[PDB]
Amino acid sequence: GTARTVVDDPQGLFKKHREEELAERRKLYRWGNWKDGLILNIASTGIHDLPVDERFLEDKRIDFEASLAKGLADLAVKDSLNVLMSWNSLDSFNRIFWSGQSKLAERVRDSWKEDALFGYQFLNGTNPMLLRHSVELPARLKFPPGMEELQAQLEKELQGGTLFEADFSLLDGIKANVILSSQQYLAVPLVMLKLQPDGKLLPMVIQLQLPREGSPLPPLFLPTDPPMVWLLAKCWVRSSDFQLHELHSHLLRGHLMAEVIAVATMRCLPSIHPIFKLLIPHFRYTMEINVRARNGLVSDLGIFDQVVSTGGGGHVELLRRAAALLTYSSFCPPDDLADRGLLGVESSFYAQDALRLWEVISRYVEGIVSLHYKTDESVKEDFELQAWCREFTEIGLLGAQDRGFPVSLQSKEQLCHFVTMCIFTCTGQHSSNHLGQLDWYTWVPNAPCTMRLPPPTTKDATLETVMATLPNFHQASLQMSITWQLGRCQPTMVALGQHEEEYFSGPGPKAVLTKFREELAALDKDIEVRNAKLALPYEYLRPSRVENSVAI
């Protein structure tokens, strides 16, 4: 039917039906709280408890299960051969790098030791969310004696506007896992990088640990250190990026935020509501995938506990600390990118595509909003909308109005912005953090799920040190299995905009959708043409690859 807000219905012709639907919604979709301090989730002990309309269809259920089975059968074969052999060379990781890898993963296996490939991933790799433009040297970067030349190169880049940083201080104080009684280890690194005129982003220095007042300074690793020393330092930043990417950029910001959006929407916006109709398709499978994740991925004795250095509880502590710090602006590429100083960096394909995708969605949302809300007053008086943002910000996000989340929507502009934030969260925000796994994480030394020795406090690493720190064959194989499972071409995916159900009636909304689809296709083509000229195509925000919801 035609959508109708409560403002559209002063005689209450649809009041009883919408009120009855919301009362049933609020019984079926209740808030749960998997861990103290985390943003809230759907209340459901496991997948069998979920409302029926949230369950995987058969095709998705078969796909998700069978793909685990295949990943686990491959892990069994890998492990059965590797126990019979030595594991004493970086070439040992070849033995687990089976056929069927993506073209980009084959490039990573070839080039992972290149400093330019290490730096490239901060712009356009699996985790584009951490890098920030530097306007001063961080207070933690303290120089041991003899490093005057480093200090001058850092000053030249800073004066030229070309100094960037990746600071992993969220890992400070996080407890590391113990796996089959062997201690795992975490670092708390900082990497300073230079942006070159040709677009390359090069690491200048790495510090692995925070200085401690009563202690000698951490060493500063440099690209001129002995090859294994600098390699080990880089591996440690890569292992640290795996932890903050998967937990903060991917789980919290993609998956868990999309679930908060979904639950608050189910609880407050009835099916006759235009903004329900606009949002719905973008929630597909989010609650079941997350329930599955809480019961097998990040659960006690789950994947993280089995193979990941933050596993065993530290991962939950990091989630609660990151949850307390989320800001609204960080979910909106125009604000996030300005704030991090990535706007205008021609080498950031993530920035260029994120901003364009945000605009195309913004136009679609504005289209639908203007069909149903003629004035700012018609937004202000929509009490379902007002209940909606409050439930989202106050209950779902544990009181986040001081971090920029809305508790009222008082204009069409505001409504459009917030809806746009919601749709981008469920789509591009996830795709850009999820799709890299297949290309960058299947070559395990490029993103070690764990580390088995403490980070070095000297410059004497050998290959033996590197092999003994890097994941063992089992940990590395399970990493490959799950990253393939999640990362691989999704046979049941719905691409952005391509949902088949018609929530809206009428030519009005149909025309806005047709235009969204046309603009998305034109953007996809423009990225495809840019990518044909690049050494490494940036694929993760192309509309043809961006999924319509968080489903995996």
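All residue numbers refer to positions in the sequence shown, first residue = 1.
K.L.:
Identify the stretch, either 59-67 or 28-36, whose C-alpha atoms have the larger mean B-factor according to the entry.
P.N.:
The deposited B-factors put 28-36 ahead on the C-alpha mean.
K.L.:
On average, which has the higher Cα B-factor in the deposited entry, 495-503 or 40-48?
P.N.:
Between 495-503 and 40-48, it is 495-503.
K.L.:
Which listed residue, 464, 317, 79, 246, has the largest C-alpha temperature factor in the record?
P.N.:
Largest recorded C-alpha B-factor: 464.
K.L.:
Could you check 100, 436, 274, 128 and tell me which one carries the biggest Cα B-factor in the deposited entry?
P.N.:
Of 100, 436, 274, 128, 100 has the highest C-alpha B-factor.
K.L.:
Among the modelled residues of its chain, does the C-alpha B-factor of residue 142 lie in the lowest, middle or highest third?
P.N.:
Answer is highest: the recorded C-alpha B-factor places it there.
K.L.:
How does the C-alpha B factor of residue 335 compare with the rest of the chain: lowest, middle or highest third?
P.N.:
Middle third, going by the recorded CA B-factors of the chain.
K.L.:
Sort the modelled residues of this chain by their C-alpha B factor and say whether residue 548 lands in the lowest, middle or highest third.
P.N.:
Lowest third, going by the recorded CA B-factors of the chain.
K.L.:
Using the temperature factors of the C-alpha atoms in this entry, rank residue 22 within its chain: lowest, middle or highest third.
P.N.:
Within its chain, residue 22 is a middle-third residue by C-alpha B-factor, going by the deposited values.
K.L.:
State the tercile, meaning the lowest, middle or highest third, of residue 105 with respect to the CA B-factors recorded for its chain.
P.N.:
Its C-alpha B-factor belongs to the lowest third of this chain's values.
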